[PDB]
Amino acid sequence: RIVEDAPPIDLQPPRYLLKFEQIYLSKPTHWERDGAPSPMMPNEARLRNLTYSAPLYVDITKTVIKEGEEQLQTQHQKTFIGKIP
Amino acid sequence: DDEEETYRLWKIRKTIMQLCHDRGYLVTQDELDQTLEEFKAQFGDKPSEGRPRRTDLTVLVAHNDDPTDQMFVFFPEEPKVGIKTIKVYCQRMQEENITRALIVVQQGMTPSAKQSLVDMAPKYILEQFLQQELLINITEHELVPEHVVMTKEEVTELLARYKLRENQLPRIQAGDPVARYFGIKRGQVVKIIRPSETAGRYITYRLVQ
Amino acid sequence: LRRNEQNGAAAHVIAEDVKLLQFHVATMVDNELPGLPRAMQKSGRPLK
Amino acid sequence: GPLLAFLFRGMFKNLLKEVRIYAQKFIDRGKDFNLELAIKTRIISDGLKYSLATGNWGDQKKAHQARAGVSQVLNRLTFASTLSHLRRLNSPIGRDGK
DNA sequence: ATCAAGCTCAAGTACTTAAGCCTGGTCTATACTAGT
RNA sequence: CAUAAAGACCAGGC
DNA sequence: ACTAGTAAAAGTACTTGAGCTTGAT
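So, here is what we can say about the structure in this document. (Residues numbered from 1 in each chain as written, not as in the entry; some residues may be left out. Chains lettered and ligands numbered in written order. Part of a larger assembly, values for the part shown. Heavy atoms only, no water.)

## A word on the overall build of chain C
Scanning chain C from N- to C-terminus turns up two helices and two strands. For chain C, the N- to C-terminal ordering of α and β elements is α-α-β-β. Structurally, chain C occupies a C-alpha span of about 35 × 20 × 15 Å along its principal axes. Residues classed as buried in chain C amount to 8% of the 48 residues present. Accessible surface computed for chain C: about 4,500 Å², of which carbon and sulfur atoms make up 55%. (Helix = DSSP H or I, 4+ residues; strand = E, 2+ residues; numbered from the N terminus. Buried < 20%, exposed > 50% of the residue type's maximum accessible area, 1.4 Å probe, protein only. Areas by Shrake-Rupley, 256 points an atom, 1.4 Å probe, with all protein chains shown as cover.)

## Here we look at the interface of chain D and chain A
Each side of the interface is counted separately: chain D has 22 residues, and chain A has 21 residues. Interface area for chain D against chain A, summed over the two sides, is near 2,000 Å², with a carbon-plus-sulfur share of 79%. Area buried by chain D at its contact with chain A is led by D:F12, D:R20 and D:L35, which between them contribute 28% of it. Linking chain D with chain A are zero salt bridges, by the criterion used here. At the junction of chain D and chain A, the tally comes to two residue pairs in polar contact. When residues of the side of chain D that touches chain A are assigned to their parent elements, the largest contribution, eight residues, is made by helix α1 (residues 4–25) of chain D. Split into classes, the residues belonging to the side of chain D that touches chain A amount to 13 nonpolar, three polar and six charged. (Contact = heavy atoms within 4.5 Å. Buried area = accessible area lost by both parts, 1.4 Å probe. Salt bridge = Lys/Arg side-chain N within 4 Å of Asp/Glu carboxyl O. Polar contact = N/O pair within 3.5 Å; in protein donor to acceptor, adjacent residues only side chain to side chain. Nonpolar A, V, L, I, M, F, W, Y, C, P; charged D, E, K, R; others polar.)

## So, the interface of chain D and chain C
Taken together, the four residues of chain D in the interface contact four residues of chain C. With both chains or domains summed, chain D and chain C bury close to 250 Å², and 46% of this area falls on carbon and sulfur atoms. At the boundary of chain D and chain C, one finds zero salt bridges. Counting across the chain D and chain C interface gives one residue pair in polar contact. Of the residues contributing to the side of chain D that touches chain C, the split by class is one nonpolar, two polar and one charged.

## A few points about the protein's contact with DNA strand G
Neighbouring DNA strand G are B:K80, B:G82, B:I83, B:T110 and B:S112. Across the surface near DNA strand G, the residue classes break down as one nonpolar, three polar and one charged. (Near = heavy atom within 4 Å.)

## Side note on the pattern of salt bridges
Between side chains of opposite charge, a pair can form as their charged atoms come close. Going through the model one piece at a time under the given rule, you end up with ten salt bridges over all chains. The residue A:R48 makes a salt bridge to A:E32 at a minimum N-O spacing of 3.6 Å. Note that A:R48 is positioned in the loop between α1 (42–47) and β4 (54–65) and A:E32 in the loop between β2 (30–31) and β3 (37–38), a separation of 16 residues in sequence. For A:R48, a relative accessible area of 47% gives the class partly exposed. You can call A:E32 partly exposed: its relative accessible area is 32%. What emerges from the salt-bridge pattern is a single network uniting B:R23, B:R100 and B:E127.

## Points about the packing of α1(D) against helix α2 (residues 42–53) of chain D
All names here are of chain D. Viewed as axis vectors pointing N to C, α1 and α2 meet at an angle of 145 degrees, and their least axial separation amounts to 9 Å. Viewed along their axes, α1 and α2 form a crossing whose handedness is right-handed. Note on element contacts: α2 touches α1 through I43, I44, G47, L48, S51 and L52, opposite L4, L7, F8, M11, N14, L15 and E18. Considering only residue class, the contact of α1 with α2 consists of nine nonpolar, three polar and one charged. (Axes fitted to C-alpha atoms, helices over the stretch in contact; angles between N-to-C directions. Left-handed = near helix turned anticlockwise from the far one by under 90°.)

## Some remarks on the pairing of strand β4 (residues 100–105) of chain B
Residues and elements named next belong to chain B. For β4, the tally of buried residues reaches six of six residues, placing the bulk of the element in the interior. Sheet topology places strand β2 (residues 70–74) next to β4; four bridges connect them, and they run parallel. Bridged to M71 within β4 is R100. In the sheet, β4 pairs with strand β6 (residues 126–130) via five bridges, with the strands oriented parallel. Its bridge partner lying in β6, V104 is registered against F129. (Pairing = 2+ DSSP bridges.)

## Description of the nonpolar core
Formed by 30 residues in total, the largest nonpolar core has its most connected members in B:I16, B:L19, B:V73, B:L102 and B:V104. Broken down by secondary-structure element, the contributors of at least two residues to this core are α1 (3–23), β1 (59–62), β2, β4 and β9 (189–194) of chain B. In terms of residue count, α1(B) provides more of this core than any other element does, seven residues in total. Both domain 1 (1–136) and domain 2 (137–209) of chain B contribute no fewer than three residues apiece to this core. Residue contacts for B:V104: discarding those within four places in its chain leaves B:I12, B:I16, B:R54, B:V73, B:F74, B:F75, B:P76, B:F129, B:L130, B:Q131 and B:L134. Counting residues in each nonpolar core, the second largest holds 25 residues, with A:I9, A:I60, D:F8 and D:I43 among its members. (Core = buried A, V, L, I, M, F, W, Y, C linked by side-chain atoms within 4.5 Å. Domains from an automatic or database assignment.)

## What about the sheet that holds β6(B)?
All names here are of chain B. Read across the open sheet, the four strands follow the order β1-β2-β4-β6; overall the sheet is mixed. The open sheet has two edge strands with one neighbour each: β1 and β6. On average, each strand axis in the sheet is inclined to that of its neighbour by 20 degrees, with strand direction left out of account. The strands touched by helix α3 (residues 84–96) are β2, β4 and β6; relative to β2, the strand with the most contacts, the crossing angle is about 155 degrees.

This is the structure in structure tokens:
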């Protein structure tokens with residue numbers, strides 16, 4: 001409800017727009033400093049002074065407005081925003 | 001109506017008779033126990049279009065230890081008093097050569113008249129009272145102790161047999177109704193004699209400023 | 001302020017200079033005065 | 001729910017605001033537009049983790065106009081201390097009034 | 001007949017104020033921009 | 001011997 | 001890119017506002 005009910009970014013000749021569509025939630029996963037994923041346990045979060053949080057992904061669509069008789073929209077999937085505990 | 005107003009004039013007159021009796025003047029005993037009927041038969045029945053006018057109620061009294069010192073008591077006619085009436089009374093005091101005066105004001109004053117009462121300070125000292133204030137003698141009340149004004153030699157033995165200065169006494173401002181009852185200016189010491197439950201009697205002193 | 005009065009500035013820049021010098025010598029003695037939005041250094045913490 | 005939702009709208013607004021502020025500088029040149037580098041990710045993560053970590057239910061740079069005392073440390077003496085601390089209400093009337 | 005001078009009383013708008021002493025805890029130093 | 005800063009909030013004791 | 005500058009009553013104290021008295025007329 002928060003990512004849907006948001007004002008778009010209409011701004012300008014060509015101009016680029018993007019919209020947020022549907023949101024996806026994963027279970028918590030530890031991203032180690034070398035860049036490796038693993039599902040982390042809460043006891044591992046206590047003992048190592050970590051955070052027991054899960055990353056958040058979303059879809060973005062993109063439209064161009066130039067009126068050169070070509071409306072090329074580019075769709076995206078699973079764009080990383082942040083981490084929710 | 002009129003019976004309440006002549007009741008007020010009797011009670012004000014009796015209050016002034018104890019007042020100048022307490023300041024140290026010569027007051028006959030017959031007008032201190034003056035019952036309402038002797039007032040009502042002497043001066044008149046009703047002041048409503050009547051014989052006590054608020055004129056011919058004036059009282060001139062004389063001091064005991066010196067026959068020169070006299071005091072006049074004025075009962076003004078109009079409710080609030082301006083400067084012109086104060087110049088009338090001050091004119092009568094000018095031609096009759098009297099210094100002290102009281103003005104029993106009916107309803108109130110005007111502030112330029114009050115400034116016209118504080119400005120002639122070294123001569124012609126006039127005092128201002130109110131009709132609502134003079135219906136009860138505050139010296140006879142339950143809470144109010146005995147005040148005795150002290151002469152200068154007695155102030156010298158106070159400030160000499162306690163080894164004080166003059167500012168090291170307790171104080172009293174000259175605007176409370178008791179120091180206006182006794183007519184006390186700045187620089188004078190009143191003696192207060194009050195009974196206490198620890199010793200039996202306690203005498204304290206106050207400097208008026 | 002000293003070099004900008006020794007170089008002959010526009011004399012309306014100086015008003016925004018003596019105004020802020022008034023603020024910076026007048027906060028150090030009395031910070032919690034009503035009005036006059038407070039001075040602060042770090043984490044939004046106002047000064048002592 | 002109705003505290004982390006209020007905490008989440010104010011950091012979806014902020015992230016879209018720096019999407020705009022990154023967007024305007026990259027559009028005066030008219031080159032192209034990108035979003036995998038436009039999204040600064042420390043806003044939501046460091047904001048939720050900040051205002052859960054320290055109590056002050058607001059921002060970091062407004063750390064004195066905030067209602068503190070929410071999100072405090074769990075209590076672990078006895079098991080009923082814990083069950084009481086996880087079931088606790090609170091009213092925001094100040095605690096010097098009489 | 002109105003006209004200033006000087007003064008008093010009343011209402012409107014800010015500043016200043018709230019028990020003593022003692023023991024443990026967690027978190028934080030600014031996120032953002034130009035020198036280099 | 002010397003060195004262990006300091007501020008903000010919170011939960012408590014009489 | 002790396003890293004250093006950086007914007008609740010409740011007492012009093014002061015101000016304005018309306019109207020008065022009075023000398024002038």
